[PDB]
Amino acid sequence: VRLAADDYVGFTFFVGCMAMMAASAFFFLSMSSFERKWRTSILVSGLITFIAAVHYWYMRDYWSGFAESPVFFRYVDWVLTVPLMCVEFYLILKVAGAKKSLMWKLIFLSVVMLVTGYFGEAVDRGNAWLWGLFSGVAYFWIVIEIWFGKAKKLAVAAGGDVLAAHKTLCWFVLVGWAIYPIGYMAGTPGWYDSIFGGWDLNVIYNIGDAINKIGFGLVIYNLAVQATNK
Amino acid sequence: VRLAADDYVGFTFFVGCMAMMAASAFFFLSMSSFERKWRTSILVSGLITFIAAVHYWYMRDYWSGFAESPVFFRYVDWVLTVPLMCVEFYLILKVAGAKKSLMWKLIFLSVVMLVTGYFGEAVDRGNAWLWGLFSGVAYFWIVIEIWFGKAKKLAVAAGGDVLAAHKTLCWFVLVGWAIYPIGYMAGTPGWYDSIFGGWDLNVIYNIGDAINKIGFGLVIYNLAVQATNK
Amino acid sequence: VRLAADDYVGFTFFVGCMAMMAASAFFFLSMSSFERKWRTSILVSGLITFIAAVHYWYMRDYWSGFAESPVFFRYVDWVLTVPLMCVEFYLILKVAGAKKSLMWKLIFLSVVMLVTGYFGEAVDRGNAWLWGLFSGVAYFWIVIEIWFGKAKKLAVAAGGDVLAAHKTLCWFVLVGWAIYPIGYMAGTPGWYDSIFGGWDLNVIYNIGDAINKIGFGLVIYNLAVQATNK
Amino acid sequence: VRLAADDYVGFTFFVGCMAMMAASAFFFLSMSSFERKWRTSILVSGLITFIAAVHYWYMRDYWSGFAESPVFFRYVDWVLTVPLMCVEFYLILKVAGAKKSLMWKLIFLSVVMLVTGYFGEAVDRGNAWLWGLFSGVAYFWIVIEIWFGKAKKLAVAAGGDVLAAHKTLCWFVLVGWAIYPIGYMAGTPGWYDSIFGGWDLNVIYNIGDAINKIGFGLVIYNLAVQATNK
Amino acid sequence: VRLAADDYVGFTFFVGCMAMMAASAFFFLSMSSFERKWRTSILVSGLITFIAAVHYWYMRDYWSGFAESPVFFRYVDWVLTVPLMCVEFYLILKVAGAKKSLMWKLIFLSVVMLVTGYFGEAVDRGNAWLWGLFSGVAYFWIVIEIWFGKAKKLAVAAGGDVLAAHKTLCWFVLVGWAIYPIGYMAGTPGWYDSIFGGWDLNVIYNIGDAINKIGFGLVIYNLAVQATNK
Ligand SMILES: CC1=C(/C=C/C(C)=C/C=C/C(C)=C/C=C/C=C(C)/C=C/C=C(C)/C=C/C2=C(C)C[C@H](O)CC2(C)C)C(C)(C)C[C@@H](O)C1
Ligand SMILES: CC1=C(/C=C/C(C)=C/C=C\C(C)=C\C=C\C=C(C)\C=C\C=C(C)\C=C\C2=C(C)C[C@H](O)CC2(C)C)C(C)(C)C[C@@H](O)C1
Ligand SMILES: CC1=C(/C=C/C(C)=C\C=C/C(C)=C/C=C/C=C(C)/C=C/C=C(C)/C=C/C2=C(C)C[C@H](O)CC2(C)C)C(C)(C)C[C@@H](O)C1
Ligand SMILES: CC1=C(\C=C/C(C)=C/C=C/C(C)=C/C=C/C=C(C)/C=C/C=C(C)/C=C/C2=C(C)C[C@H](O)CC2(C)C)C(C)(C)C[C@@H](O)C1
Ligand SMILES: CC1=C(\C=C/C(C)=C\C=C\C(C)=C/C=C/C=C(C)/C=C/C=C(C)/C=C/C2=C(C)C[C@H](O)CC2(C)C)C(C)(C)C[C@@H](O)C1
Ligand SMILES: *C/C=C(C)/C=C/C=C(C)/C=C/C1=C(C)CCCC1(C)C
Ligand SMILES: *C/C=C(C)/C=C/C=C(C)/C=C/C1=C(C)CCCC1(C)C
Ligand SMILES: *C/C=C(C)/C=C/C=C(C)/C=C/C1=C(C)CCCC1(C)C
Ligand SMILES: *C/C=C(C)/C=C/C=C(C)/C=C/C1=C(C)CCCC1(C)C
Ligand SMILES: *C/C=C(C)/C=C/C=C(C)/C=C/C1=C(C)CCCC1(C)C
Ligand SMILES: CCCCCCCCCCCCCCCC
Ligand SMILES: CCCCCCCCCCCCCCCC
Ligand SMILES: CCCCCCCCCCCCCCCC
Ligand SMILES: CCCCCCCCCCCCCCCC
Ligand SMILES: CCCCCCCCCCCCCCCC
Ligand SMILES: CCCCCCCCCCCCCCCC
Ligand SMILES: CCCCCCCCCCCCCCCC
Ligand SMILES: CCCCCCCCCCCCCCCC
Ligand SMILES: CCCCCCCCCCCCCCCC
Ligand SMILES: CCCCCCCCCCCCCCCC
Ligand SMILES: CCCCCCCCCCCCCCCC
Ligand SMILES: CCCCCCCCCCCCCCCC
Ligand SMILES: CCCCCCCCCCCCCCCC
Ligand SMILES: CCCCCCCCCCCC
Ligand SMILES: CCCCCCCCCCCC
Ligand SMILES: CCCCCCCCCCCC
Ligand SMILES: CCCCCCCCCCCC
Ligand SMILES: CCCCCCCCCCCC
Ligand SMILES: CCCCCCCCCCCC
Ligand SMILES: CCCCCCCCCCCC
Ligand SMILES: CCCCCCCCCCCC
Ligand SMILES: CCCCCCCCCCCC
Ligand SMILES: CCCCCCCCCCCC
């Protein structure tokens with residue numbers, strides 16, 4: 001329980017936990033300052049930070065206890081949050097004429113991706129590469145859908161601020177999420193051990209997680225503010 | 001109390017606890033995002049997830065402590081929630097002209113069913129089969145009421161979206177709940193030696209619980225959203 | 001702190017604690033769906049469940065710790081709640097032309113009753129019968145006031161649903177509360193034995209408490225709903 | 001950690017903690033039931049109970065642990081709350097037009113009083129009587145200000161219910177607070193040991209505290225209710 | 001874990017924690033009594049106190065445990081809060097025609113300052129002076145920006161109460177914050193050991209922190225108050 005000055009992992013847990021708790025409060029308490037239709041999109045963003053805050057709190061204690069943060073445990077959060085973020089694609093293009101078919105697709109993809117991930121990392125480590133492959137494919141499909149699929153066409157039709165915030169999402173998916181597949185390579189045996197192996201990811205996980213989720217949130221909030229002021 | 005990767009029960013407690021906590025927040029915070037008439041129906045759906053979240057949190061810790069989740073302890077939650085879900089039949093058809101008699105019936109049935117269950121499982125295990133039988137009968141009665149009784153006739157009279165959402169609820173009762181009677185068979189000795197597959201009932205309980213209750217919620221919420229936008 | 005199936009006291013603490021927490025949420029979150037005048041009556045009903053929920057949580061832990069629930073400790077809750085329920089008489093007859101004098105009387109009576117009770121049970125057990133007697137007298141006074149006193153006359157003058165809900169309250173006072181004086185008889189030495197074998201007082205306390213308080217709540221809520229819809 | 005029936009200090013901590021938590025909820029949840037300008041006055045009353053509830057909870061645990069409640073520790077609460085109560089003078093006479101000069105004065109006086117108190121009781125007990133003297137002077141100043149100073153003149157100018165509630169506050173300051181100076185006399189050596197010495201105030205502290213702060217609250221709330229109905 | 005009367009650090013943690021928790025409640029609960037536009041500025045001020053309250057709670061326990069408060073641990077809070085205060089410049093000049101470029105600048109500067117601080121104090125103590133220097137420069141830049149830079153000119157252009165509140169903030173930055181750089185000097189070896197060395201700042205940190213943050217809050221709140229009374 002004693003703190004050390006050089007414990008940079010410790011620090012990043014405490015910061016992340018605190019920043020997620022603050023963000024969660026910030027979206028929950030901002031909900032009320034918006035027009036009827038936007039609220040739900042904010043609300044869900046809050047949820048996302050909220051689940052993370054509560055899980056981070058747990059992890060923050062665990063690391064202080066045992067000085068080890070097992071990667072699979074993160075999945076507890078990811079399997080819940082990653083889908084919600086996908087749902088956030090529906091809420092942005094709902095005004096543009098998005099169909100529940102898209103919703104279902106996204107959720108399906110996101111869940112499969114995270115379950116396959118979890119199987120690769122926890123359940124079946126011998127055959128982890130294949131699970132990786134499946135998850136990879138589900139990721140690519142999601143990234144292709146959002147970049148060149150129906151979602152982009154709907155966004156371009158809508159145009160304006162709605163388009164912009166879409167793109168930034170896609171960047172966050174493309175660049176922000178990329179760190180997670182990489183960490184898998186460093187986590188599981190296979191043909192990618194040489195390229196990525198032995199890297200300390202905890203700090204990168206703690207910073208990235210907070211950035212990713214708070215980032216999404218701040219985008220959707222930016223979209224709401226730019227839509228009310230004009 | 002360090003966690004292990006292969007502890008799939010552990011994982012499902014943490015996920016279920018987090019998903020129930022999120023849903024509870026989601027309905028509590030969405031309650032205000034509808035007109036006054038729907039609110040109570042949402043509110044109660046939230047309550048359902050809320051009671052589950054708080055109980056799951058307790059169970060989640062217990063399993064982490066002693067690595068055993070006694071089945072009777074689940075009843076703490078079920079005796080409270082199963083009635084509320086039944087109440088949810090009344091709240092949908094209240095605008096269609098439902099009578100409190102129906103509500104009282106449902107509550108009565110649901111309570112008896114769960115108490116009989118609890119007697120079968122906790123106090124009197126030798127004569128568990130009879131209690132089973134009584135609970136069974138209470139189940140059947142409720143399924144007959146909702147499928148062919150006055151509830152569906154009132155829904156059809158109202159007609160449209162109110163009907164649709166009703167049916168899906170009946171499916172959730174019919175198919176969703178079916179896992180609970182089965183687990184009883186696997187729990188008590190008698191004329192049923194029902195043990196099916198290598199799957200651990202705890203895991204099925206943790207996933208099912210969350211599905212069932214989050215399911216309910218999503219349906220009621222879907223009904224409210226499709227009724228307000230038009 | 002492992003639970004047993006046969007620990008029926010345990011079970012009733014966990015259920016009671018959970019049901020009180022749910023009810024407290026249910027009144028707090030329903031408060032806002034009413035006209036300005038009703039709110040306070042609901043709010044206070046919630047407060048009542050709220051104090052109980054928080055105390056029950058403490059008792060629930062204690063019993064899990066030491067497997068003994070000292071009766072005097074319940075008073076911590078009762079001395080706070082029993083007065084509020086009395087206030088609930090004032091809040092429903094306030095529109096009928098109740099005077100604050102009545103409210104003060106009620107509070108006074110209820111406090112004296114509970115303090116005398118606490119003196120009987122905690123400070124001097126040798127003199128417990130006399131304290132009993134005094135508490136008894138305060139009970140009778142309250143029951144006579146509400147059944148045949150000014151409160152009934154004001155309710156009958158008002159008439160309608162406001163009257164009805166009054167009666168049911170009086171039943172809850174008359175029948176619901178009766179279990180508490182009985183338990184005293186079983187708790188303290190004197191001229192009364194009140195064996196009441198078989199049933200465990202704790203269990204009757206846990207179920208009764210929840211019934212009494214949730215009951216009150218449901219009544220006041222029923223009154224508000226039946227008065228607002230017309 | 002085991003409870004005793006004869007532990008009247010224990011009891012009063014648990015009651016006080018619970019009653020403060022209830023009141024805090026009661027003002028927070030009632031805040032919305034008033035016109036905009038009363039809200040702040042309620043809010044602050046709640047804050048007062050809230051800080052007390054949280055400190056009482058801490059003290060309640062401590063006493064259960066070590067069976068001793070050091071008087072200086074209470075100051076943690078008093079230094080925060082006593083100023084807020086003073087602010088409550090400003091918020092009631094905002095109708096008739098009080099000047100921030102009065103606000104600042106009150107806060108200044110109250111803080112000095114409490115700091116001098118803390119110095120008398122914590123750092124230098126040899127020099128305690130002088131600190132007493134200084135605190136005394138700050139008290140007297142406050143009591144004379146509110147009884148015969150500008151505050152009374154403003155209240156009389158305003159007249160009506162606003163005046164009434166003022167007086168009762170002055171009584172609470174005059175009579176309610178008087179127990180605190182006395183306790184000092186019983187706590188520290190000096191020239192007042194003879195008059196007041198060896199007295200145990202814990203029980204009197206626990207009851208008084210709750211009375212004083214819940215009292216203020218009930219007054220401000222009474223003022224708001226009597227000002228909206230007319 | 002028993003506390004002593006002369007433990008002034010202890011006392012200041014408990015007061016700070018309590019005062020921050022109260023303030024956080026006070027802004028969150030006041031938020032709704034304002035027009036749409038001001039809310040966000042209050043909200044964020046509350047967030048600031050909120051993060052501090054939760055971190056102070058942790059620190060408060062730590063000191064009670066180990067009787068030592070490591071300086072680097074404070075950074076957990078500062079790295080989150082110091083930026084938000086800077087953002088508070090944007091929210092007050094937003095209606096005056098502030099550009100997000102200014103907000104980004106401020107955040108950038110504040111983050112750099114705090115990171116450089118953290119590097120100086122945690123990871124690289126040998127080269128702490130250079131990090132100091134860099135942080136210093138980031139501070140100076142911020143102070144010159146707010147005193148003579150774009151921010152001041154924008155505030156003067158939109159004079160009145162918005163200007164006043166600006167100045168006071170600058171004072172709080174100039175004078176309030178100054179104690180943090182000083183503490184660095186007392187913490188790290190270099191050319192400033194002679195001037196500042198061996199000083200105990202814990203008590204000064206705890207009082208300053210609460211003043212600084214509650215101060216900010218009270219200013220923004222004051223600005224909102226004198227903006228509604230037209
Ligand atoms: C897990 C696994 C796999 C999966 C692999 C995956 C999913 C690989 C993914 C690779 C990725 C995502 C590569 C990313 C490349 C580049 C990145 C991350 C960043 C580029 C640019 C940056 C950082 C910033 C760009 C800009 C910003 C900041 C915004 C501006 O608007 C535009 C610009 C200046 C360009 C298989 C399927 C291949 C095999 C299996 O056995 C193992
Ligand atoms: C899954 C699904 C479908 C279903 C399709 C089909 C073809 C389903 C066909 C049949 C199914 C799923 C039947 C499941 C039945 C389960 C039941 C009726 C379980 C009842 C258990 C009871 C009443 C146990 C009672 C007892 C107990 C607990 C202990 C006693 O000692 C003994 C006894 C009285 C037997 C679609 C395709 C239609 C729609 C889609 O949305 C959902
Ligand atoms: C109150 C009042 C007044 C009087 C005010 C007085 C007497 C004083 C006011 C302010 C004072 C004394 C402020 C002092 C501020 C000190 C600061 C901001 C110090 C900053 C230090 C830094 C940034 C150090 C950085 C470094 C570090 C940390 C390590 C590196 O290695 C070296 C260095 C770069 C120097 C008037 C007369 C002006 C106006 C009247 O209206 C009111
Ligand atoms: C008569 C009737 C019916 C049929 C039956 C009903 C409703 C019966 C219900 C009876 C019940 C629930 C009676 C319960 C009574 C409990 C009482 C009066 C308990 C009082 C206890 C006290 C006051 C104890 C005090 C003392 C204590 C605690 C210690 C002291 O040392 C001694 C003493 C003063 C006695 C219906 C339902 C058909 C219609 C209805 O309108 C009327
Ligand atoms: C009959 C009647 C009533 C009842 C009571 C009446 C009229 C009076 C009651 C007086 C009471 C209850 C209290 C009097 C209080 C005296 C106080 C507050 C004394 C304060 C003393 C201080 C502050 C001492 C400080 C010092 C310290 C701390 C130690 C130093 O070394 C020396 C010193 C400076 C003296 C009412 C209230 C119902 C109203 C009306 O109906 C008339
Ligand atoms: C807030 C939580 C976030 C954004 C987490 C994201 C995680 C991923 C997108 C994971 C992707 C994976 C693959 C595509 C390949 C390897 C396994 C996974 C599950 C890490
Ligand atoms: C979240 C809680 C839920 C949905 C629990 C559902 C539980 C049941 C519907 C239990 C039913 C039972 C029978 C119909 C027969 C055997 C005994 C029971 C209690 C398991
Ligand atoms: C929420 C809990 C409730 C309603 C408890 C109520 C308890 C009473 C009305 C107790 C009355 C007593 C007497 C009339 C005689 C003996 C002492 C008491 C306090 C048990
Ligand atoms: C709930 C907290 C309350 C109402 C505390 C009030 C305390 C006082 C007004 C204390 C006054 C004192 C003096 C005038 C002299 C001796 C020292 C003090 C601080 C106890
Ligand atoms: C909530 C606490 C606050 C406002 C703290 C702010 C502290 C700073 C602005 C101090 C920064 C420092 C320097 C300019 C020089 C030395 C290193 C720092 C980070 C302590
Ligand atoms: C550290 C986590 C929380 C960070 C929250 C950032 C503060 C929000 C800044 C922009 C707010 C714009 C308000 C728009 C409505 C007028
Ligand atoms: C462990 C470090 C936590 C880092 C917390 C700060 C997160 C801030 C995220 C903001 C980045 C995206 C901004 C969106 C652009 C409008
Ligand atoms: C939308 C959220 C979905 C969350 C799905 C959680 C799945 C967890 C699976 C746990 C292990 C399954 C059995 C392992 C092999 C016996
Ligand atoms: C332990 C694993 C728990 C996983 C729970 C995931 C949340 C369930 C989502 C709801 C599923 C039914 C959808 C009904 C559509 C109206
Ligand atoms: C006003 C229209 C709102 C439509 C929203 C539909 C999607 C909502 C999904 C969020 C529910 C998440 C449940 C908790 C996590 C398992
Ligand atoms: C909404 C109704 C909930 C009712 C909960 C059940 C309470 C009774 C449980 C059984 C108590 C122990 C009985 C022991 C008999 C010897
Ligand atoms: C606007 C009026 C709506 C009335 C709806 C009927 C009320 C039924 C709610 C039942 C709540 C049960 C709470 C149980 C707590 C354990
Ligand atoms: C272990 C105790 C479980 C008790 C659960 C009680 C649930 C609420 C009961 C409500 C009583 C009926 C009130 C009807 C008012 C119109
Ligand atoms: C309306 C609320 C009234 C609350 C009454 C609280 C009861 C206080 C009991 C105090 C008993 C102290 C021990 C006995 C004397 C040594
Ligand atoms: C609009 C009419 C309001 C009437 C309020 C009567 C008193 C309110 C209940 C008691 C206050 C809370 C007590 C908390 C426990 C000490
Ligand atoms: C430890 C015992 C504490 C008991 C707390 C009871 C609540 C105090 C209420 C005081 C009422 C003052 C009069 C209000 C007039 C508007
Ligand atoms: C709309 C009028 C508002 C007037 C506000 C007057 C001052 C309120 C002071 C509140 C201080 C509480 C926070 C600090 C205590 C920890
Ligand atoms: C550990 C010591 C805590 C001290 C609590 C400080 C309370 C707030 C005082 C700051 C005053 C700022 C005035 C702002 C004017 C609008
Ligand atoms: C404009 C889009 C930028 C998104 C970049 C995300 C970077 C996340 C960093 C994760 C590892 C620290
Ligand atoms: C400490 C990190 C704060 C980051 C704030 C981002 C603000 C950008 C969105 C603004 C919407 C108006
Ligand atoms: C439309 C069908 C809804 C019910 C689905 C069945 C859910 C059963 C529980 C799952 C256990 C893994
Ligand atoms: C318009 C309301 C429909 C809500 C459907 C939500 C589907 C479930 C989401 C599960 C996410 C893990
Ligand atoms: C209509 C009146 C009903 C009153 C019910 C009170 C009895 C239940 C509580 C005690 C059970 C042990
Ligand atoms: C408007 C409906 C009147 C209130 C009756 C509610 C009864 C619910 C009892 C729930 C027990 C689980
Ligand atoms: C007219 C108002 C009188 C208020 C008196 C309050 C006295 C509180 C004493 C509590 C200490 C045990
Ligand atoms: C309109 C009535 C306002 C409140 C009056 C004071 C209430 C006193 C309660 C005493 C403790 C329960
Ligand atoms: C507004 C309230 C301020 C309270 C400040 C208390 C300071 C106590 C210092 C004790 C250490 C010597
Ligand atoms: C109007 C000028 C306000 C300046 C505030 C200074 C606060 C100093 C805090 C540090 C005390 C240890």
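Basis for what follows: all heavy atoms, side chains included, without hydrogens, waters or symmetry-related copies. A note on names: the letters A, B, ... follow the listed sequences, proteins ahead of strands, and every chain is numbered from 1.
Separation of atoms CD1 (A/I51) and CE (B/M18) is listed at 7.5 Å; rounding is to 0.5 Å. To the nearest 0.5 angstrom, B/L3 atom CG is 5.0 Å from A/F73 atom CZ. We find the CZ-CZ distance between B/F11 and A/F72 to be 8.5 Å, quoted to the nearest 0.5 Å. Here CG of A/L47 is found 9.5 Å from CE of B/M21. Values are rounded to the nearest 0.5 Å.
Across all non-hydrogen atoms, the minimal contact from B/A5 to A/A122 is O-CB, 3.8 Å.
Under the rule for a ring pair (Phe, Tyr, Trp, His ring centres under 6.0 Å), A/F89 has no partner lying at least two apart in sequence or in another chain.
Using a 4.5 Å cut-off between heavy atoms, A/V76 contacts chain B through both its backbone and its side chain. For B/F13, no part sits under 4.5 Å from any heavy atom of chain A, backbone or side chain.
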I'd like a table of the N/O donor-acceptor pairs between chain B and chain A - cut-off under 3.5 Å, distance only.
residue, atom, partner, partner atom, Å
B/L3, N, A/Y62, OH, 3.1
B/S32, O, A/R36, NH2, 2.6
B/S33, O, A/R36, NH2, 3.3

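Under a cut-off of 6.0 angstrom, the local environment of CZ in B/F66 is crowded, with over 12 non-hydrogen atoms contributed by other residues, nucleotides or ligands.
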